[PDB]
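Single-structure report; data block below.
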Amino acid sequence: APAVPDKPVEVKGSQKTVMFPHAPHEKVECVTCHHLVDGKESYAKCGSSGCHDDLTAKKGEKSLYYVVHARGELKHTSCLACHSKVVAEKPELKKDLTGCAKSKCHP
Ligand code: HEC
Ligand code: HEC
Ligand code: HEC
Ligand code: HEC
């Protein structure tokens, strides 16, 4: 796989800007985040050709909002998903990882 960027990449969602650091995610299998596509390893931007590059839907596989939060049972493992289990480790962090605001996601 490509060389993991030691720098965080901005994820200009709908309006608010959120940057995700890889360092803090250098112990989590890529797949874990970079799910497979048609059983074909890929690493295209969250919003790559025929992917999640439409925040005008709000709900749908063509949305980068229902695959970012969705802390429910999804095909893969959403962010808020994992973070969910994490909170089960540092109950005193139920926000920094799962915070709508005043967090490391929504400052
Ligand atoms: C990282 C740990 C996040 C936490 C915690 C929360 N959100 Fe978030 N949010 C995140 C990203 C990376 C983005 C960019 C675009 C996307 O949808 O992934 C967002 C964006 C939003 C948006 C804008 C999208 C839209 O539908 O207009 C909203 C409204 C939003 N986030 C709300 C929200 C709430 C209510 C949260 C607490 C449950 C929350 N976010 C947590 C990443 C992260
Ligand atoms: C979630 C905890 C992740 C893990 C684990 C890894 N990466 Fe990642 N990567 C993540 C996000 C949220 C993004 C961009 C978000 C967006 O909306 O664009 C990325 C982006 C990359 C990129 C750039 C293009 C792309 O594939 O999106 C590369 C080259 C990349 N990531 C590499 C990479 C590798 C090699 C990983 C395993 C060692 C890896 N990432 C894990 C989130 C996450
Ligand atoms: C195009 C090559 C894609 C890119 C880039 C990413 N994903 Fe994706 N994802 C893609 C498809 C075609 C589908 C449909 C699922 C199916 O049943 O075939 C998905 C699905 C997801 C899901 C599950 C859907 C849900 O219930 O919300 C999640 C959680 C998801 N994708 C996350 C995700 C993230 C975070 C990405 C960037 C880091 C990402 N995908 C890139 C195709 C593509
Ligand atoms: C488990 C499989 C995870 C998934 C999926 C995602 N993240 Fe995560 N995140 C995880 C851990 C264990 C931690 C703690 C940091 C550590 O030392 O391991 C985090 C932290 C973050 C942070 C804060 C970074 C910090 O300095 O504490 C952010 C902003 C964050 N995570 C964002 C994020 C996004 C946007 C994800 C989906 C694209 C995502 N995480 C997935 C574990 C996991």
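According to mature numbering (1 follows the signal peptide of the UniProt record, and there is no 0), the residues represented by the sequence shown are 1 to 107, in order. Beta carbons are placed, not taken as given, at the ideal position from N, Cα and C, and that holds for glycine.
Distances from the alpha-carbon of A57 to those of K75, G13, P2 and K7 put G13 closest.
Closest option to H25, judged by alpha-carbon separation, among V4, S84 and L74: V4. The beta-carbon distance between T98 and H83, rounded to whole angstroms, is 6 angstroms. This is short enough to meet the 8 angstroms contact definition.
When the Cα atoms are used, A1 and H106 turn out to be separated by approximately 30 angstroms. DSSP, reduced to helix, strand and coil, places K90 outside both helices and strands of the structure shown, so it counts as coil.
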